[PDB]
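Working notes, beginning with the structure itself.
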Amino acid sequence: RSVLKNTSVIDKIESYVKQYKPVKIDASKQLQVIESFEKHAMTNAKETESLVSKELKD
Amino acid sequence: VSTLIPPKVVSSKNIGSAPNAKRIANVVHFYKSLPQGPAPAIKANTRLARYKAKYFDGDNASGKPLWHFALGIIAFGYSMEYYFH
């Protein structure tokens, strides 16, 4: 800022950045469809696991 | 677009393939097979069965009883000679 001796905007853009210093929050939105994806995952996985654990000894 | 999932689709896959049909054939083929030559019924008698077991198995398998059967006709027809001429 003190490099520009003709400052005139640096307070403006500095308080503009400090204004938007709370930029935007993130997106932790998925907690319902993602658990359905891993629900189908655990479903078909335990189907496969029980079937192969049976058929190996079979 | 997401984590796609074919590692675990084995549970309903295991019908259509070719070793499945061979497997469901030969697991049925193996249980009722008798283990070590059991129940062969090596002793039997019906007043003519010891003739078969001594002569007409695959061990001896010789045609000499037919010889005896031929001898039986030599016992029969020659005696029929004694009955005819």
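Residues are named by chain letter and number: chains run A, B, ... in the order of the structure tokens, numbers start at 1 in each chain, and ligands are numbered from 1 in the order shown.
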
Which residues of chain B have any atom within 7 Å of an atom in chain A when counting only C-alpha atoms, and what is the closest pair of atoms for each, with the distance in Å to one decimal? Order the rows by chain and rising number and write it as a Markdown table.
```
| residue | atom | partner | partner_atom | distance |
| --- | --- | --- | --- | --- |
| B:8 | CA | A:45 | CA | 5.0 |
| B:9 | CA | A:44 | CA | 6.3 |
| B:10 | CA | A:48 | CA | 5.6 |
| B:11 | CA | A:48 | CA | 5.0 |
```

So that I have them on file, write out the residues from the current selection with N, CA and C atoms, as a compact mmCIF listing (two decimals), in the first residue's frame.
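Just written: part_17.txt:
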```txt
# COMPACT_ATOMS: atom_id res chain seq x y z
N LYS B 8 -19.12 -56.01 -6.79
CA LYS B 8 -19.90 -56.74 -5.80
C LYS B 8 -21.22 -57.21 -6.39
N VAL B 9 -21.26 -57.43 -7.70
CA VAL B 9 -22.49 -57.71 -8.41
C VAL B 9 -22.43 -59.20 -8.74
N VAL B 10 -21.69 -59.94 -7.90
CA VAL B 10 -21.46 -61.36 -8.10
C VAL B 10 -22.65 -62.20 -7.66
N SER B 11 -23.50 -61.66 -6.78
CA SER B 11 -24.53 -62.44 -6.10
C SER B 11 -25.62 -62.89 -7.08
```

Enumerate as a ChimeraX atom specification all residues of chain B assigned to alpha helix (DSSP H) by DSSP on the backbone, naming them with the chain letters and numbers the document uses. /B:18-31,49-55,64-84

Determine, counting only C-alpha atoms, which protein, DNA and RNA residues have an atom within 10 Å of an atom of residue B:51; residues of the same chain fewer than 6 positions away are not included. Present the result as an NGL selection string. :B and (45 or 57 or 65)

Contacts of stretch 21-29 of chain B within 12 Å, only C-alpha atoms, excl. fewer than 5 positions in-chain, as an NGL selection string: (:A and (55 or 58)) or (:B and (14-16 or 34))
